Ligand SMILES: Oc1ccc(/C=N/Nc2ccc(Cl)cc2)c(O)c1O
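There is one chain below, alone, in structure tokens, taken in the form deposited without the ligand.
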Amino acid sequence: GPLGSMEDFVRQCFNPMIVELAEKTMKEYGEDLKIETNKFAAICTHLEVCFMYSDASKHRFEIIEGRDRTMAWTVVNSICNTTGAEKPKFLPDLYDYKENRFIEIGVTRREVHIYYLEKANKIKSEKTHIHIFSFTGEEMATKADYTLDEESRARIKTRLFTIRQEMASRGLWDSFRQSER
């Protein structure tokens, strides 16, 4: 069985805007994508989940992820000052104008409950809502409030399953799955 290149997979299967944003994220944080290829794929995946989440209800969410860090904080600060929402310690992924809170989206190859608990421990912010997706279709969310309806979330999970499946088809999944953290 031939083993493909992860960089090849990423460029072939993600939208080039997502790829470009992922590249900029890596360069901004001092990482070489040509070595950290699995991480590159993870960043693309996470970005795409954030975009899909926002697109599940247009005009409802402000996107924070994918912006350069300074701009991301500028947007967070502006939202806080405008809405009175409390300022988070760490950069979140979205702001929910409807439920009036920031959202952290996690995408993991690990056990969802543990991943959730780790994120919730690190945020140190009872404000930011946490929503975790795994590639296995499992999910976990703050207060068992999943924000979006089953169909939107099904769309996200299906995309994740498709990614995992294409990766396994190229022999990329075994390494990707265990390179996390």
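One-based numbering along the sequence shown.
Not on display, but discussed next: the form deposited with the ligand bound.
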item	value
Open or blocked: the ligand superposed from its pose in the deposited bound form, cut-off 2.4 Å to backbone or C-beta	open
Sole residue of 138, 55, 36, 62 within 4.5 Å of the ligand in the deposited bound form, by heavy atom	36
Residue contact check: residue 76 to the ligand in the deposited bound form, 4.5 Å heavy atom	no
Partner proximity in the deposited bound form: residue 101 to the ligand, non-hydrogen atom cutoff 4.5 Å	no
Partner proximity in the deposited bound form: residue 7 to the ligand, non-hydrogen atom cutoff 4.5 Å	no
4.5 angstroms heavy atom contact with the ligand in the deposited bound form for residue 156	no
Neighbours of the ligand in the deposited bound form among 160-181 [non-hydrogen atom within 4.5 angstroms]	176, 179, 180, 181
